[PDB]
Amino acid sequence: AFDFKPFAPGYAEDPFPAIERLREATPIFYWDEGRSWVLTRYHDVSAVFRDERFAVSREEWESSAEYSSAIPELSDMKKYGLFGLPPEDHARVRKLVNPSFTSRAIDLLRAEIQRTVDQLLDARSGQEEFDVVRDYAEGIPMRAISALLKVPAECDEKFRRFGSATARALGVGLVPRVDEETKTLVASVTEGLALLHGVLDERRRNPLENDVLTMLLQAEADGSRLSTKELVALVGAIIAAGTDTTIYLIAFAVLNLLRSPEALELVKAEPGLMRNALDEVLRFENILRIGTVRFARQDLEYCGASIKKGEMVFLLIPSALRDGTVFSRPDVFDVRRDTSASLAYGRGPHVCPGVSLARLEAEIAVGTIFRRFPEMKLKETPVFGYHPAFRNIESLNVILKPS
Ligand code: HEM
Ligand SMILES: C/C1=C/C[C@@H](/C(C)=C/c2csc(C)n2)OC(=O)C[C@H](O)C(C)(C)C(=O)[C@H](C)[C@@H](O)[C@@H](C)CCC1
């Protein structure tokens, strides 16, 4: 049950020695600063995802009151968003939007994503320094979500800001060390919600064929299928959930291929392996700092612990995914392995709706960059930060065509 310090300097860069220590010594421990139990092993993590004794709604938490008062601008999003809705409401909302996120539906986005990837590399690949985060990955995910929502590129920076702020603001009162000023967070959240109201009112005015937002609006207008608050919360969550995560995937992919020349040469030789490799990036080195949370609906015993009702539980994803009893050679980056058991996109009713979008964006972004600059080399050690949810890479400086 030893030493868990996920905000220590060095942890985001390389958390694996620390959490192997934890995982090898115990399946469960109490994280005093996080005020919650932490589960360290694959099977325990996997099960809790599907186990209905554990809720997602933060309203089940013993500290619900404190959490709901924090960032009142986000109260609606917390009550009516995908995490807060009761299971039958959650199923309903998911049944509605899931069709818009399949591989086939998101395939339409392919040309716009490639165009964005093309102009980012055109506009900045000429200087000495190329920052894979600042100059590349950062400009991609919002373009994608905005194409899916049919929002003009001029609004991209406002929504990205909103997405990233919202993801952090939702941590305030929930997770220990949100690394930003409230007033700044709150302003980006406010402005973003305003922008969103305008996007939605325009779409109701000018509804479109084969369009996610119009479909959601048309469901809201007809007999009870989606409330206005559910709808707004849903679009807001999609923007916030899909912004930073994908930035980190793309960056961690490039990093991990630069670090493993063998893996890269394999993906060069069989471009069809790119999809598996991107899944193995998340498996071998998951972008999450700690993981995700659940809340005990009732007192119960679990892996030798007496968990009380309302107590929070963290699933230590990056640990579970190095669990040697499920993955062979868990500590090797192997782009040929079977990655089916990866929990990186969740399991159960709350399984990530954006998985096909994240994979498409990253295949295009990571594929393109290595095809057009095959001899790319890391110019320096990646700089990591203190995002409360993510092992966030702030910069990843490389040399595209090295002398
Ligand atoms: C590689 C990037 C991504 C990762 C690793 C990821 C991971 C996850 C995970 C693990 C969950 C479940 C969390 C839990 O059960 O507590 C989830 C839920 C979610 N993800 Fe993703 N996601 C990613 C990208 C995206 C994108 C691009 C979108 C765009 C819409 C998205 C939208 C969502 C939403 C809305 C939920 C809530 C689902 C629900 O509660 O029903 N994600 N994601
Ligand atoms: C990868 C990941 C992204 C989901 C995204 C988010 C805010 C989703 C969502 C749906 S409805 C709603 C209000 N939000 O959530 C995030 O990007 C970060 C979370 O907002 C905060 C609350 C900061 C966290 O640390 C949590 C515990 C985070 O690590 C878990 C939830 C991450 C796995 C899911």
# chains A, B, ... in the order shown; residues from 1 in each chain; ligands from 1

$ residues_near_ligand --ligand "ligand 2" --cutoff "8 Å" --atoms "only C-alpha atoms and all ligand atoms" --output "PyMOL selection string"
chain A and resi 77-78+81-84+164+166-172+174-175+178+233-234+237-238+240-242+244-245+288-293+314+345-346+352+388-390

$ residues_around --residues "region 31-39 of chain A" --least-positions-apart "2" --cutoff "10 Å" --atoms "only C-alpha atoms" --output "ChimeraX atom specification"
/A:1-5,22-23,26-29,41-45,48,63,174-177,290-295,302-303,305,307,311-317,319-320

$ closest_atom_pairs --of "region 204-289 of chain A" --to "region 116-138 of chain A" --cutoff "7 Å" --atoms "only C-alpha atoms" --output "tab-separated table"
residue	atom	partner	partner_atom	distance
A:247	CA	A:137	CA	5.1
A:250	CA	A:137	CA	6.1
A:251	CA	A:133	CA	6.2

$ write_last_selection --atoms "N, CA, C and O atoms" --output "PDB file, in the first residue's frame"
ATOM      1  N   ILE A 247      -4.954  15.199 -28.318  1.00  0.00           N
ATOM      2  CA  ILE A 247      -3.696  15.899 -28.453  1.00  0.00           C
ATOM      3  C   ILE A 247      -2.623  14.994 -27.893  1.00  0.00           C
ATOM      4  O   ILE A 247      -1.600  14.800 -28.538  1.00  0.00           O
ATOM      5  N   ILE A 250      -1.851  11.661 -30.100  1.00  0.00           N
ATOM      6  CA  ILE A 250      -1.011  11.987 -31.243  1.00  0.00           C
ATOM      7  C   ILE A 250       0.433  12.220 -30.804  1.00  0.00           C
ATOM      8  O   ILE A 250       1.384  11.695 -31.409  1.00  0.00           O
ATOM      9  N   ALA A 251       0.613  12.987 -29.738  1.00  0.00           N
ATOM     10  CA  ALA A 251       1.966  13.291 -29.265  1.00  0.00           C
ATOM     11  C   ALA A 251       2.686  12.074 -28.673  1.00  0.00           C
ATOM     12  O   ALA A 251       3.869  11.873 -28.928  1.00  0.00           O
TER      13      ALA A 251
END

$ atom_distance --atom1 "CA of residue 356 (chain A)" --atom2 "CA of residue 101 (chain A)"
6.9 Å

$ atom_distance --atom1 "CA of residue 309 (chain A)" --atom2 "atom 19 (C, counted along the ligand's line) of ligand 1"
24.6 Å

$ atom_distance --atom1 "CA of residue 342 (chain A)" --atom2 "CA of residue 47 (chain A)"
13.4 Å

$ closest_residue --among "A:86, A:141, A:207, A:173" --to "ligand 1" --atoms "only C-alpha atoms and all ligand atoms"
A:141

$ residues_around --residues "residue 366 (chain A)" --least-positions-apart "5" --cutoff "12 Å" --atoms "only C-alpha atoms" --output "number ranges by chain"
A: 113-114, 117-118, 121, 132, 136-137, 140, 246-258, 264, 267-268, 271, 274-275, 277-278, 281, 358-361, 371-374, 376

$ write_last_selection --atoms "N, CA and C atoms" --output "CSV table (one decimal), in the first residue's frame"
chain,number,residue,atom,x,y,z
A,113,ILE,N,-9.7,16.4,-42.0
A,113,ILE,CA,-8.6,16.1,-41.1
A,113,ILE,C,-7.3,16.1,-41.9
A,114,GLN,N,-7.2,15.6,-43.1
A,114,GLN,CA,-6.0,15.5,-43.8
A,114,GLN,C,-5.6,16.9,-44.3
A,117,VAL,N,-4.0,18.7,-41.2
A,117,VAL,CA,-2.7,18.1,-41.0
A,117,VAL,C,-1.8,18.6,-42.1
A,118,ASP,N,-2.2,18.8,-43.3
A,118,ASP,CA,-1.4,19.3,-44.4
A,118,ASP,C,-1.0,20.7,-44.2
A,121,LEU,N,1.6,21.3,-41.3
A,121,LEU,CA,2.9,21.0,-41.7
A,121,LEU,C,3.5,21.9,-42.8
A,132,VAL,N,5.9,19.1,-31.9
A,132,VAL,CA,4.9,18.2,-32.3
A,132,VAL,C,3.6,18.5,-31.5
A,136,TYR,N,1.6,21.1,-34.0
A,136,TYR,CA,0.9,20.0,-34.7
A,136,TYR,C,-0.3,19.5,-34.0
A,137,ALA,N,-0.1,18.7,-33.0
A,137,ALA,CA,-1.2,18.0,-32.3
A,137,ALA,C,-2.3,18.9,-31.8
A,140,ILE,N,-5.2,20.0,-34.1
A,140,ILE,CA,-5.9,19.0,-34.9
A,140,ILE,C,-7.3,18.6,-34.3
A,246,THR,N,-7.0,13.6,-27.4
A,246,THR,CA,-6.4,13.3,-28.7
A,246,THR,C,-5.1,14.0,-28.9
A,247,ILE,N,-5.0,15.2,-28.3
A,247,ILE,CA,-3.7,15.9,-28.5
A,247,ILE,C,-2.6,15.0,-27.9
A,248,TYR,N,-2.9,14.4,-26.7
A,248,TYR,CA,-1.9,13.6,-26.0
A,248,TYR,C,-1.7,12.3,-26.8
A,249,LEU,N,-2.7,11.7,-27.3
A,249,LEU,CA,-2.5,10.4,-28.1
A,249,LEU,C,-1.6,10.7,-29.3
A,250,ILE,N,-1.9,11.7,-30.1
A,250,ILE,CA,-1.0,12.0,-31.2
A,250,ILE,C,0.4,12.2,-30.8
A,251,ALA,N,0.6,13.0,-29.7
A,251,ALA,CA,2.0,13.3,-29.3
A,251,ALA,C,2.7,12.1,-28.7
A,252,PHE,N,2.0,11.3,-27.9
A,252,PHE,CA,2.5,10.1,-27.3
A,252,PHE,C,2.9,9.1,-28.4
A,253,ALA,N,2.1,9.1,-29.5
A,253,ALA,CA,2.3,8.2,-30.6
A,253,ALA,C,3.7,8.5,-31.3
A,254,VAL,N,3.8,9.8,-31.6
A,254,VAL,CA,5.1,10.2,-32.2
A,254,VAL,C,6.2,9.9,-31.3
A,255,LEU,N,6.1,10.3,-30.0
A,255,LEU,CA,7.2,10.1,-29.0
A,255,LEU,C,7.6,8.6,-29.0
A,256,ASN,N,6.6,7.7,-28.9
A,256,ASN,CA,6.8,6.3,-28.7
A,256,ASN,C,7.4,5.6,-30.0
A,257,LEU,N,7.1,6.2,-31.2
A,257,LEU,CA,7.7,5.7,-32.4
A,257,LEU,C,9.1,6.2,-32.6
A,258,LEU,N,9.4,7.4,-32.1
A,258,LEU,CA,10.7,7.9,-32.2
A,258,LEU,C,11.6,7.2,-31.2
A,264,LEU,N,8.8,1.7,-35.4
A,264,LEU,CA,8.6,2.6,-36.5
A,264,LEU,C,8.9,2.0,-37.9
A,267,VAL,N,6.1,-0.1,-38.9
A,267,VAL,CA,4.9,0.6,-39.3
A,267,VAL,C,5.1,1.2,-40.7
A,268,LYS,N,6.4,1.4,-41.0
A,268,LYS,CA,6.8,1.9,-42.3
A,268,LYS,C,6.6,0.8,-43.3
A,271,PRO,N,2.1,-0.2,-43.4
A,271,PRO,CA,1.3,0.9,-42.9
A,271,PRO,C,0.0,0.5,-42.3
A,274,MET,N,-0.6,0.7,-38.5
A,274,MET,CA,-0.6,2.0,-37.8
A,274,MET,C,-1.7,1.9,-36.8
A,275,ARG,N,-2.9,1.4,-37.1
A,275,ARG,CA,-4.0,1.4,-36.2
A,275,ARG,C,-3.7,0.6,-34.9
A,277,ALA,N,-0.7,0.0,-33.7
A,277,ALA,CA,0.3,0.7,-33.0
A,277,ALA,C,-0.2,1.8,-32.1
A,278,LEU,N,-1.2,2.5,-32.6
A,278,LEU,CA,-1.8,3.6,-31.9
A,278,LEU,C,-2.6,3.0,-30.7
A,281,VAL,N,0.0,2.3,-28.1
A,281,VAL,CA,0.5,3.4,-27.5
A,281,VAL,C,-0.2,3.7,-26.2
A,358,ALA,N,-11.0,9.4,-32.5
A,358,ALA,CA,-9.6,9.5,-32.0
A,358,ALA,C,-8.7,8.7,-32.9
A,359,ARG,N,-9.0,7.5,-33.2
A,359,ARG,CA,-8.2,6.6,-34.1
A,359,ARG,C,-8.0,7.2,-35.5
A,360,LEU,N,-9.1,7.7,-36.1
A,360,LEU,CA,-8.9,8.3,-37.4
A,360,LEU,C,-8.0,9.5,-37.4
A,361,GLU,N,-8.2,10.5,-36.5
A,361,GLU,CA,-7.4,11.6,-36.4
A,361,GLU,C,-5.9,11.3,-36.2
A,371,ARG,N,5.3,9.7,-42.9
A,371,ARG,CA,5.4,9.4,-44.3
A,371,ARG,C,6.1,10.6,-45.0
A,372,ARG,N,5.8,11.8,-44.6
A,372,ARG,CA,6.4,13.0,-45.3
A,372,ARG,C,7.7,13.4,-44.7
A,373,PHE,N,8.0,12.9,-43.4
A,373,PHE,CA,9.3,13.1,-42.8
A,373,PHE,C,9.8,11.9,-42.1
A,374,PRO,N,10.2,10.9,-42.9
A,374,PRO,CA,10.6,9.6,-42.4
A,374,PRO,C,11.8,9.5,-41.5
A,376,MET,N,12.6,11.9,-39.2
A,376,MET,CA,12.4,12.7,-38.0
A,376,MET,C,13.2,12.2,-36.8

$ closest_residue --among "A:287, A:364, A:105, A:341" --to "residue 12 (chain A)" --atoms "only C-alpha atoms"
A:287

$ closest_residue --among "A:184, A:100, A:146, A:395" --to "residue 215 (chain A)" --atoms "only C-alpha atoms"
A:100

$ select_by_dssp --residues "region 228-355 of chain A" --states "helix (DSSP H, G or I)" --output "NGL selection string"
:A and (228-259 or 261-269 or 271-284 or 317-320 or 348-350 or 355)

$ closest_residue --among "A:210, A:188, A:403, A:98" --to "ligand 1" --atoms "only C-alpha atoms and all ligand atoms"
A:98
